[PDB]
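Below: protein_18.cif (mmCIF, C-alpha atoms and all ligand atoms)
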```cif
data_upload
#
loop_
_atom_site.label_atom_id
_atom_site.label_comp_id
_atom_site.auth_asym_id
_atom_site.auth_seq_id
_atom_site.Cartn_x
_atom_site.Cartn_y
_atom_site.Cartn_z
CA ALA A 1 98.59 97.33 41.85
CA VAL A 2 102.20 96.06 41.32
CA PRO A 3 104.35 96.87 38.26
CA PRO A 4 104.79 93.89 35.92
CA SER A 5 108.54 93.56 36.54
CA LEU A 6 107.89 93.07 40.30
CA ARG A 7 104.51 91.30 40.11
CA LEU A 8 104.15 87.72 41.38
CA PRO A 9 100.75 86.37 40.32
CA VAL A 10 101.07 83.32 42.58
CA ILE A 11 101.41 85.56 45.66
CA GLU A 12 98.43 87.62 44.63
CA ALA A 13 96.22 84.59 43.88
CA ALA A 14 97.35 82.02 46.48
CA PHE A 15 98.89 83.97 49.42
CA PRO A 16 96.12 86.31 50.59
CA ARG A 17 97.25 89.05 52.98
CA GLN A 18 96.48 88.90 56.71
CA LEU A 19 96.60 91.64 59.31
CA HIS A 20 96.89 91.27 63.07
CA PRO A 21 94.08 93.04 64.98
CA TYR A 22 96.57 94.98 67.18
CA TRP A 23 98.08 96.80 64.14
CA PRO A 24 96.53 100.30 64.78
CA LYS A 25 97.92 100.37 68.33
CA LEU A 26 101.17 98.73 67.19
CA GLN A 27 101.75 101.48 64.59
CA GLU A 28 101.42 104.32 67.10
CA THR A 29 103.28 102.59 69.92
CA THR A 30 106.36 101.91 67.72
CA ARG A 31 106.24 105.55 66.42
CA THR A 32 106.25 106.76 70.05
CA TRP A 33 109.08 104.33 70.85
CA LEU A 34 111.25 105.64 68.00
CA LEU A 35 110.64 109.17 69.30
CA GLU A 36 111.13 108.43 73.01
CA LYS A 37 114.30 106.33 72.44
CA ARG A 38 115.67 109.08 70.08
CA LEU A 39 116.29 106.55 67.27
CA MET A 40 115.07 109.15 64.76
CA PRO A 41 114.68 112.94 65.07
CA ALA A 42 111.18 114.14 65.92
CA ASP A 43 110.66 115.80 62.54
CA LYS A 44 111.63 112.62 60.68
CA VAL A 45 109.44 110.47 62.93
CA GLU A 46 106.44 112.71 62.18
CA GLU A 47 107.12 112.87 58.43
CA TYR A 48 108.30 109.34 57.60
CA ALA A 49 107.86 106.75 60.35
CA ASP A 50 104.32 105.55 59.54
CA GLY A 51 105.09 105.70 55.82
CA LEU A 52 108.02 103.30 56.31
CA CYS A 53 105.51 100.54 57.18
CA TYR A 54 107.72 98.55 59.59
CA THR A 55 104.82 97.74 61.90
CA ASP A 56 102.67 96.72 58.92
CA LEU A 57 105.44 94.32 57.87
CA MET A 58 105.39 92.60 61.26
CA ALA A 59 101.57 92.70 61.68
CA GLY A 60 101.22 90.84 58.37
CA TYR A 61 103.66 88.16 59.51
CA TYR A 62 103.30 87.09 63.17
CA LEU A 63 99.57 86.41 63.17
CA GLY A 64 98.27 85.16 66.50
CA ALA A 65 101.07 86.74 68.51
CA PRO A 66 100.10 88.12 71.93
CA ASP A 67 99.91 91.91 71.70
CA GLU A 68 102.96 92.48 73.93
CA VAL A 69 105.01 89.96 71.90
CA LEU A 70 104.05 91.70 68.67
CA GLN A 71 104.98 95.07 70.23
CA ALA A 72 108.47 93.84 71.18
CA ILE A 73 108.89 92.34 67.70
CA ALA A 74 107.73 95.51 65.96
CA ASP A 75 110.04 97.71 68.04
CA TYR A 76 112.92 95.31 67.23
CA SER A 77 112.07 95.41 63.51
CA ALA A 78 111.99 99.21 63.43
CA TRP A 79 115.30 99.17 65.36
CA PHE A 80 116.78 96.71 62.83
CA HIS A 81 116.03 99.08 59.97
CA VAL A 82 117.46 102.08 61.84
CA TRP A 83 120.58 99.96 62.48
CA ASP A 84 120.80 99.13 58.75
CA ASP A 85 120.68 102.90 58.11
CA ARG A 86 123.38 103.66 60.73
CA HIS A 87 125.64 100.95 59.27
CA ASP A 88 125.13 102.41 55.79
CA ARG A 89 125.96 105.95 56.95
CA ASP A 90 129.05 104.79 58.87
CA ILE A 91 130.27 103.15 55.64
CA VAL A 92 129.47 106.19 53.47
CA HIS A 93 131.20 108.58 55.89
CA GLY A 94 134.20 106.33 56.65
CA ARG A 95 133.40 105.99 60.37
CA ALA A 96 135.27 102.74 60.91
CA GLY A 97 135.94 103.37 64.61
CA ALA A 98 132.36 104.34 65.39
CA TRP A 99 131.15 101.19 63.63
CA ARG A 100 133.66 98.96 65.47
CA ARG A 101 132.63 100.39 68.83
CA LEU A 102 128.91 100.00 68.07
CA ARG A 103 129.50 96.40 66.95
CA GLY A 104 131.24 95.59 70.24
CA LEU A 105 128.51 97.22 72.31
CA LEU A 106 125.81 95.30 70.48
CA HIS A 107 127.55 91.98 71.17
CA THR A 108 127.77 92.87 74.85
CA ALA A 109 124.19 94.23 75.09
CA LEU A 110 122.84 91.14 73.34
CA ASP A 111 124.18 89.00 76.16
CA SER A 112 123.29 91.47 78.97
CA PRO A 113 120.49 93.74 77.73
CA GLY A 114 119.30 94.97 81.13
CA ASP A 115 122.76 96.37 81.78
CA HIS A 116 122.47 98.58 78.68
CA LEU A 117 118.93 100.01 78.98
CA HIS A 118 120.32 103.47 79.76
CA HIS A 119 123.44 103.47 77.60
CA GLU A 120 124.64 106.81 76.22
CA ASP A 121 124.41 105.50 72.61
CA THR A 122 120.67 105.62 71.98
CA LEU A 123 120.90 102.92 69.31
CA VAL A 124 122.41 100.56 71.89
CA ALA A 125 119.83 101.55 74.54
CA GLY A 126 116.97 100.96 72.11
CA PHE A 127 118.38 97.58 71.07
CA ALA A 128 118.71 96.62 74.74
CA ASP A 129 115.10 97.60 75.55
CA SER A 130 113.64 95.51 72.73
CA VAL A 131 115.89 92.51 73.43
CA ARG A 132 115.23 92.51 77.22
CA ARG A 133 111.50 92.38 76.46
CA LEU A 134 111.96 89.53 73.89
CA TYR A 135 113.92 87.67 76.60
CA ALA A 136 110.94 87.71 79.00
CA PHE A 137 108.56 85.48 76.99
CA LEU A 138 110.19 82.02 76.87
CA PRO A 139 112.78 80.01 78.81
CA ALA A 140 116.39 81.14 78.84
CA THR A 141 117.24 78.36 76.36
CA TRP A 142 115.39 80.32 73.67
CA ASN A 143 117.13 83.56 74.72
CA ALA A 144 120.51 81.84 74.33
CA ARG A 145 119.59 80.68 70.81
CA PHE A 146 118.43 84.18 69.81
CA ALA A 147 121.72 85.54 71.12
CA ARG A 148 123.85 82.98 69.25
CA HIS A 149 121.98 83.81 66.05
CA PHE A 150 122.30 87.58 66.50
CA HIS A 151 126.01 87.46 67.29
CA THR A 152 126.36 85.86 63.84
CA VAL A 153 124.20 88.63 62.31
CA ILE A 154 126.37 91.40 63.80
CA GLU A 155 129.49 89.77 62.38
CA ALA A 156 127.84 89.52 58.95
CA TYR A 157 127.21 93.28 59.11
CA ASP A 158 130.90 93.67 59.91
CA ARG A 159 131.82 91.67 56.81
CA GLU A 160 129.55 93.93 54.77
CA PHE A 161 131.34 96.97 56.22
CA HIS A 162 134.67 95.58 55.03
CA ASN A 163 133.31 94.58 51.60
CA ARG A 164 131.94 98.05 50.96
CA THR A 165 134.98 99.92 52.28
CA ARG A 166 137.16 97.82 49.96
CA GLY A 167 134.73 97.94 47.00
CA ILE A 168 134.46 94.13 46.93
CA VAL A 169 131.29 92.54 45.54
CA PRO A 170 130.88 89.00 46.93
CA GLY A 171 130.54 86.10 44.53
CA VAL A 172 127.04 84.71 44.05
CA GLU A 173 127.39 81.72 46.41
CA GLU A 174 129.34 83.76 48.97
CA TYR A 175 126.56 86.35 48.77
CA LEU A 176 123.76 83.79 49.24
CA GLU A 177 125.48 82.46 52.37
CA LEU A 178 126.10 85.96 53.73
CA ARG A 179 122.50 87.04 52.97
CA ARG A 180 120.99 84.43 55.33
CA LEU A 181 122.84 86.38 58.05
CA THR A 182 122.46 90.02 56.97
CA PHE A 183 118.72 89.51 56.41
CA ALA A 184 118.56 87.75 59.84
CA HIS A 185 116.72 84.64 58.58
CA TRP A 186 117.21 82.75 61.85
CA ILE A 187 116.09 85.66 64.04
CA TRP A 188 112.74 85.93 62.18
CA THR A 189 112.52 82.13 62.43
CA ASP A 190 113.29 82.21 66.18
CA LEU A 191 110.59 84.88 66.68
CA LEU A 192 107.89 82.54 65.34
CA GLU A 193 108.15 80.74 68.71
CA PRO A 194 107.18 83.50 71.21
CA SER A 195 104.50 84.48 68.70
CA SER A 196 102.82 81.06 69.10
CA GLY A 197 103.67 80.75 72.79
CA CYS A 198 106.02 77.76 72.71
CA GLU A 199 109.76 77.16 72.52
CA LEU A 200 110.02 74.27 70.10
CA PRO A 201 112.37 71.42 71.06
CA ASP A 202 115.42 71.00 68.86
CA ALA A 203 114.04 67.71 67.46
CA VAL A 204 110.94 69.54 66.17
CA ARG A 205 112.43 72.70 64.76
CA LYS A 206 115.31 70.78 63.16
CA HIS A 207 112.98 68.35 61.39
CA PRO A 208 113.85 68.64 57.67
CA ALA A 209 110.39 69.84 56.63
CA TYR A 210 110.26 72.58 59.30
CA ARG A 211 113.83 73.65 58.50
CA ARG A 212 113.26 73.79 54.76
CA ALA A 213 109.95 75.65 55.00
CA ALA A 214 111.60 78.16 57.34
CA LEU A 215 114.54 78.61 54.99
CA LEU A 216 112.43 79.13 51.86
CA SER A 217 110.21 81.71 53.57
CA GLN A 218 113.32 83.77 54.38
CA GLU A 219 115.04 83.23 51.01
CA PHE A 220 111.93 84.60 49.33
CA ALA A 221 111.83 87.62 51.63
CA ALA A 222 115.54 88.43 51.18
CA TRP A 223 115.66 87.90 47.43
CA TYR A 224 112.43 89.79 46.81
CA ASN A 225 113.97 92.60 48.82
CA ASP A 226 117.00 92.35 46.54
CA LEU A 227 114.76 92.62 43.48
CA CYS A 228 112.80 95.63 44.82
CA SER A 229 115.65 97.44 46.58
CA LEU A 230 118.09 97.13 43.65
CA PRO A 231 117.39 100.71 42.40
CA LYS A 232 118.05 102.39 45.74
CA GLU A 233 121.03 100.09 46.37
CA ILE A 234 122.72 100.90 43.04
CA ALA A 235 122.08 104.59 43.72
CA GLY A 236 123.55 104.25 47.24
CA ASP A 237 126.70 102.31 46.23
CA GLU A 238 125.46 99.27 48.14
CA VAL A 239 127.27 96.13 46.87
CA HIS A 240 125.17 93.46 48.65
CA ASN A 241 122.39 92.34 46.32
CA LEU A 242 122.03 89.14 44.33
CA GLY A 243 121.62 91.12 41.12
CA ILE A 244 124.85 93.02 41.76
CA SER A 245 126.75 89.75 42.31
CA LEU A 246 125.29 88.37 39.06
CA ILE A 247 126.30 91.48 37.05
CA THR A 248 129.78 91.57 38.55
CA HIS A 249 130.76 87.90 38.45
CA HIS A 250 128.61 86.35 35.70
CA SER A 251 128.68 89.25 33.18
CA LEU A 252 124.89 89.65 33.10
CA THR A 253 123.32 92.87 31.92
CA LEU A 254 121.06 94.68 34.37
CA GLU A 255 118.00 93.32 32.56
CA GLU A 256 119.36 89.76 32.56
CA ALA A 257 120.24 89.93 36.28
CA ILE A 258 116.79 91.25 37.16
CA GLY A 259 115.20 88.38 35.24
CA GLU A 260 117.41 85.85 36.98
CA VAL A 261 116.57 87.24 40.49
CA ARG A 262 112.84 87.18 39.58
CA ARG A 263 113.02 83.51 38.46
CA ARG A 264 114.82 82.53 41.67
CA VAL A 265 112.12 84.35 43.75
CA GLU A 266 109.29 82.65 41.82
CA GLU A 267 110.86 79.23 42.37
CA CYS A 268 111.05 79.88 46.18
CA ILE A 269 107.22 80.12 46.15
CA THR A 270 106.64 76.82 44.39
CA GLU A 271 109.39 75.05 46.37
CA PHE A 272 107.69 76.37 49.52
CA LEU A 273 104.33 75.03 48.38
CA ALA A 274 105.82 71.54 48.04
CA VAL A 275 107.59 71.58 51.41
CA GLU A 276 104.58 73.17 53.22
CA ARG A 277 102.60 69.94 52.56
CA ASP A 278 105.39 67.97 54.33
CA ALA A 279 105.62 70.44 57.21
CA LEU A 280 101.84 70.31 57.77
CA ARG A 281 101.93 66.51 57.66
CA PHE A 282 104.62 66.67 60.36
CA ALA A 283 102.39 68.99 62.39
CA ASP A 284 99.62 66.38 62.12
CA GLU A 285 102.02 63.63 63.26
CA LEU A 286 103.00 65.63 66.34
CA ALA A 287 99.34 65.46 67.49
CA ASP A 288 99.93 62.06 69.06
CA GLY A 289 97.01 62.05 71.50
CA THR A 290 98.86 63.73 74.39
CA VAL A 291 98.47 67.25 75.76
CA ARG A 292 102.07 68.15 74.89
CA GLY A 293 101.70 66.68 71.42
CA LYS A 294 98.61 68.80 70.82
CA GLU A 295 100.49 71.90 71.99
CA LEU A 296 103.49 71.17 69.75
CA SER A 297 101.29 70.36 66.75
CA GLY A 298 99.36 73.59 67.14
CA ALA A 299 102.56 75.60 67.52
CA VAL A 300 104.14 74.07 64.44
CA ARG A 301 100.97 74.71 62.46
CA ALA A 302 100.87 78.34 63.59
CA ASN A 303 104.56 78.80 62.78
CA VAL A 304 104.26 77.27 59.29
CA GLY A 305 101.19 79.44 58.73
CA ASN A 306 103.27 82.50 59.57
CA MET A 307 106.10 81.30 57.31
CA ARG A 308 103.43 81.46 54.60
CA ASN A 309 102.22 84.89 55.78
CA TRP A 310 105.76 86.28 55.42
CA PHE A 311 105.48 85.91 51.63
CA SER A 312 102.50 88.23 51.33
CA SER A 313 103.61 90.65 54.05
CA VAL A 314 107.02 91.16 52.41
CA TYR A 315 105.51 91.38 48.93
CA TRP A 316 103.13 94.19 49.81
CA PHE A 317 105.60 95.98 52.13
CA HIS A 318 107.91 96.58 49.19
CA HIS A 319 105.18 98.38 47.28
CA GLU A 320 103.78 100.33 50.22
CA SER A 321 106.90 101.39 52.14
CA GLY A 322 108.53 104.79 51.63
CA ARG A 323 111.87 103.04 52.15
CA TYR A 324 112.30 102.15 48.46
CA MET A 325 110.83 105.22 46.67
CA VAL A 326 114.21 106.42 45.26
CA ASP A 327 112.50 108.26 42.39
CA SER A 328 111.00 110.72 44.89
CA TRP A 329 114.24 111.81 46.58
CA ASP A 330 116.29 114.95 46.03
CA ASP A 331 119.48 112.83 46.27
CA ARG A 332 119.03 109.24 45.12
CA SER A 333 122.07 108.22 47.21
CA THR A 334 120.70 109.69 50.48
CA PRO A 335 117.23 108.53 51.54
CA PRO A 336 115.45 111.34 53.41
CA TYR A 337 114.60 109.19 56.47
CA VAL A 338 118.28 108.44 57.34
CA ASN A 339 120.47 110.60 59.58
CA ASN A 340 123.16 111.93 57.25
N1 LIG B 401 116.54 93.84 55.95
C1 LIG B 401 117.02 95.19 56.29
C2 LIG B 401 117.05 96.26 55.20
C3 LIG B 401 117.25 95.85 53.72
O1 LIG B 401 116.27 94.84 53.40
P1 LIG B 401 116.92 97.31 52.64
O2 LIG B 401 116.92 96.85 51.22
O3 LIG B 401 118.04 98.27 52.91
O4 LIG B 401 115.60 97.88 53.04
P2 LIG B 401 118.88 95.06 53.39
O5 LIG B 401 118.96 94.77 51.92
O6 LIG B 401 119.92 96.05 53.79
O7 LIG B 401 118.98 93.80 54.19
MG MG B 402 120.05 98.16 53.52
MG MG B 403 121.75 95.87 54.92
MG MG B 404 118.01 95.42 50.19
#
```
Translate the structure of the given file into structure tokens.
Ligand SMILES: NCCC(O)(P(=O)(O)O)P(=O)(O)O
Ligand SMILES: [Mg+2]
Ligand SMILES: [Mg+2]
Ligand SMILES: [Mg+2]
Amino acid sequence: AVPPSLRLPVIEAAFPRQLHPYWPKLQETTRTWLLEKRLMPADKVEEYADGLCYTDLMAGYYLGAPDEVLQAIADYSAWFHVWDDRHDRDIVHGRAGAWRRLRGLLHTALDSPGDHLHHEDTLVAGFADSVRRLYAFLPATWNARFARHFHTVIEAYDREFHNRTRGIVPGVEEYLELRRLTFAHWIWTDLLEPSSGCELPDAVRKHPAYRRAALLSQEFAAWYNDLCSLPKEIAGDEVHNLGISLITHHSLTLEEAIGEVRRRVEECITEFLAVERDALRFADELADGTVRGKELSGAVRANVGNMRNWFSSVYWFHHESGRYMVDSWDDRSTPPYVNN
């Protein structure tokens, strides 16, 4: 089971895990994609890819997604972790120019992914393949919203690059704002929509209950990552972690900061339970007797159900994934699955 310091009894009792039926094929298809797109060396794909559990993380989240939608999401999620690793290595090795050029290419490819499917930088070509596929499911209005959100994510990664190269730890509130962008809260929230087959109108997805449920699902996922990834992040000189901000700016000991992060995570769960009632009541209200109302109600219900599924998927991912097993590495500062 889960060690006491990381255990969340409410998740275990009230957020039962779910798994999408396409998971076995999803796992192998993403492994093949990482190999074919040269996002990881063949030996590292064979030794670590399945053990990283990226497809499991998505298959526990976007329940009900069409298989091809889930495949594009899973490829994107694996890509997103490889990009996190590249960013980290560029920082560690002082590759400011390589990072700046990658950042510019990602902004361009995000707006024009088809143009970049055969780019010489394999990380850019793999990004472009996953994004072009994500852009084929819903109207171009959704694509434009995904792009606006991801442009903001890329710039948050750039701010992290500057923080780490200058040895700056953000303040707590600065960190919490930044973390909604580096974790890509609004991208995961956008991806609920192709998974349930419907672009939600602005009036629906901006309803306060939908917005707050979406926010709390992501805050839990990001801050539980902070709690569980703290050991590897301290070992890797990462500065972006709520516990690190608390130690640096509020004078907490390691133990005190861990307890504070845990309490904030636990409160996300019970705040989510309150707002979920309101979001499901809104879903009921959307079912106004019309065909479109039934469609919107069902989509909102499926999306809020997946906001709930994110809690359990993220919880178990952190205990299953090889990504965080720092105690097993020869060099605690260099995870074996990254290209160093
Ligand atoms: N979400 C991507 C990877 C992370 O969660 P990880 O802790 O590096 O796995 P980050 O903290 O960098 O956001
Ligand atoms: Mg990271
Ligand atoms: Mg990161
Ligand atoms: Mg982390």
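The closest residue to ligand MG 403 (chain B), picked from A:228, A:82, A:19, A:109 and counting only C-alpha atoms and all ligand atoms, is A:82.
Using all atoms listed in the file as the basis for the distance check, residues found within 9 Å of ligand LIG 401 (chain B) are residues 77, 80, 81, 82, 83, 84, 85, 88, 179, 182, 183, 184, 221, 222, 223, 225, 226, 228, 229, 230, 232, 233, 238, 240, 241, 318, 323 and 324 of chain A.
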- With all atoms listed in the file as the basis for distance, which of A:253, A:122, A:303, A:196 is at the shortest distance from residue 106 in chain A? A:122
Residue 125 in chain A: which residues within 12 Å, counting only C-alpha atoms, same-chain residues fewer than 2 positions away excluded, as a JSON list (two decimals) with C-alpha atoms, in the frame of the given file?
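Here's the written file result.json:
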```json
[["chain", "number", "residue", "atom", "x", "y", "z"],
["A", 33, "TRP", "CA", 109.08, 104.33, 70.85],
["A", 34, "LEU", "CA", 111.25, 105.64, 68.00],
["A", 36, "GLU", "CA", 111.13, 108.43, 73.01],
["A", 37, "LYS", "CA", 114.30, 106.33, 72.44],
["A", 38, "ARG", "CA", 115.67, 109.08, 70.08],
["A", 39, "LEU", "CA", 116.29, 106.55, 67.27],
["A", 76, "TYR", "CA", 112.92, 95.31, 67.23],
["A", 79, "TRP", "CA", 115.30, 99.17, 65.36],
["A", 102, "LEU", "CA", 128.91, 100.00, 68.07],
["A", 105, "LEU", "CA", 128.51, 97.22, 72.31],
["A", 106, "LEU", "CA", 125.81, 95.30, 70.48],
["A", 108, "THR", "CA", 127.77, 92.87, 74.85],
["A", 109, "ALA", "CA", 124.19, 94.23, 75.09],
["A", 110, "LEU", "CA", 122.84, 91.14, 73.34],
["A", 112, "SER", "CA", 123.29, 91.47, 78.97],
["A", 113, "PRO", "CA", 120.49, 93.74, 77.73],
["A", 114, "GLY", "CA", 119.30, 94.97, 81.13],
["A", 115, "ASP", "CA", 122.76, 96.37, 81.78],
["A", 116, "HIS", "CA", 122.47, 98.58, 78.68],
["A", 117, "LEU", "CA", 118.93, 100.01, 78.98],
["A", 118, "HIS", "CA", 120.32, 103.47, 79.76],
["A", 119, "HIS", "CA", 123.44, 103.47, 77.60],
["A", 120, "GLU", "CA", 124.64, 106.81, 76.22],
["A", 121, "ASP", "CA", 124.41, 105.50, 72.61],
["A", 122, "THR", "CA", 120.67, 105.62, 71.98],
["A", 123, "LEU", "CA", 120.90, 102.92, 69.31],
["A", 127, "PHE", "CA", 118.38, 97.58, 71.07],
["A", 128, "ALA", "CA", 118.71, 96.62, 74.74],
["A", 129, "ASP", "CA", 115.10, 97.60, 75.55],
["A", 130, "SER", "CA", 113.64, 95.51, 72.73],
["A", 131, "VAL", "CA", 115.89, 92.51, 73.43],
["A", 132, "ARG", "CA", 115.23, 92.51, 77.22]]
```
- Message: Which residues are near residue 46 in chain A? Cut-off 10 Å, only C-alpha atoms, ignore same chain within fewer than 6 positions. Put them as a PyMOL selection string.
- Response: chain A and resi 31-32+35+40
- Item | Distance query range 60-68 of chain A at most 10 Å, all atoms listed in the file, self and fewer than 2 positions along chain excluded, as a ChimeraX atom specification | /A:17-23,25-26,55-58,70-74,133-134,137,188,191-197,302-303,305-314,316-317
- Query: Taking into account all atoms listed in the file, which residue in the set A:2, A:53, A:10, A:153 is nearest to ligand MG 403 (chain B)?
  - Reply: A:153
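Restricting the calculation to only C-alpha atoms and all ligand atoms, the smallest distance between ligand MG 403 (chain B) and any of A:145, A:157, A:51, A:92 is found for A:157.
Distance-wise, CA of residue 181 in chain A and CA of residue 4 in chain A end up 29.5 Å apart.
You can rank A:331, A:295, A:160, A:271 by their closest distance to ligand MG 403 (chain B) using only C-alpha atoms and all ligand atoms, and at the top of that list sits A:160.
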- Which of these, A:28, A:178, A:246, A:212, has the shortest distance to residue 163 in chain A once you count all atoms listed in the file? A:178
- Message: List as a VMD selection string the protein and nucleic acid residues near residue 296 in chain A, meaning an atom at most 9 Å away when only C-alpha atoms are counted, but skip any in the same chain fewer than 3 places from it.
- Response: chain A and resid 198 200 to 201 204 283 286 to 287 291 to 293 299 to 301
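Between CA of residue 93 in chain A and CA of residue 336 in chain A lies a distance of 16.2 Å.
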Please determine an axis-aligned box that encloses all atoms of range 133-136 of chain A listed in the file, with 6 Å added on each side, and express its centre and edge lengths in Å to one decimal as lines of an AutoDock Vina configuration file.
```
center_x = 112.4
center_y = 90.0
center_z = 76.4
size_x = 15.0
size_y = 16.7
size_z = 17.1
```
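Taking CA of residue 9 in chain A and CA of residue 320 in chain A as endpoints, the distance between them is 17.4 Å.
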